[PDB]
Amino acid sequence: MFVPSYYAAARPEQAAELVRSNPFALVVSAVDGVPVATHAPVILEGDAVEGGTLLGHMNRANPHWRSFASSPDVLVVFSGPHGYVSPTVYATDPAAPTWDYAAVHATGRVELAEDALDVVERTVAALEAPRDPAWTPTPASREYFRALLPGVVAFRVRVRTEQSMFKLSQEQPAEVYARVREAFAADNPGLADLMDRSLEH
């Protein structure tokens, strides 16, 4: 990922906020020069992405994790709100379309996690916390988690580098930008909200 200057994060906490808000990530390895990717829920431990630790799990039947045992470098992609930007919205000419989005790419060394029950229980807690009502596992469900453990593989990534893209129409003049934000306010409020926070500081 390349980040033009005008799409860079305005604050270092913006990257961590995106990661926490969008835990359904893409975990990517380079198995002997061939990229392999798994979609998996991944949570953040720490205040910042760079230097932080990511925790996730996948299916034991998914052979991807067997590439982790050597502890190679992996890439974890977190994707926030996104949406196609049509020049119909710009109301200007000439023009070209684009796609608006935010994402965090975290790269670091993967390792298998022995404490898989802790990882999955922390993932439940993180993903249910913003819901009302939130689901709390019954004691029977916690026993079910224990029974499921032989079929899961948990892992940690120690993040060496972080890059963040906030591609949110900052390349447009102010009158056009306002039109884009108004259009997403109806069609994609999560993206409009992200545009608003990107202008902060």
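One rule holds for the numbers: they count along the sequence shown, beginning at 1.
- Just going by the entry, 70-78 versus 93-101 on mean CA temperature factor gives the higher value to 70-78.
- With 119-127 and 104-112 compared on mean CA B-factor from the PDB entry, the stretch scoring higher is 104-112.
- In this structure the maximum Cα B-factor among 58, 31, 174, 168 is found at 31.
- The residue among 18, 25, 186, 178 whose C-alpha atom has the highest B-factor in the PDB entry is 186.
- Looking at the C-alpha B-factors along this chain, the one for residue 136 belongs to the middle third.
- Among the modelled residues of its chain, residue 153 has a C-alpha B-factor that falls in the middle third, as given in the PDB entry.
- The deposited CA B-factor of residue 38 belongs to the lowest third of values across its chain.
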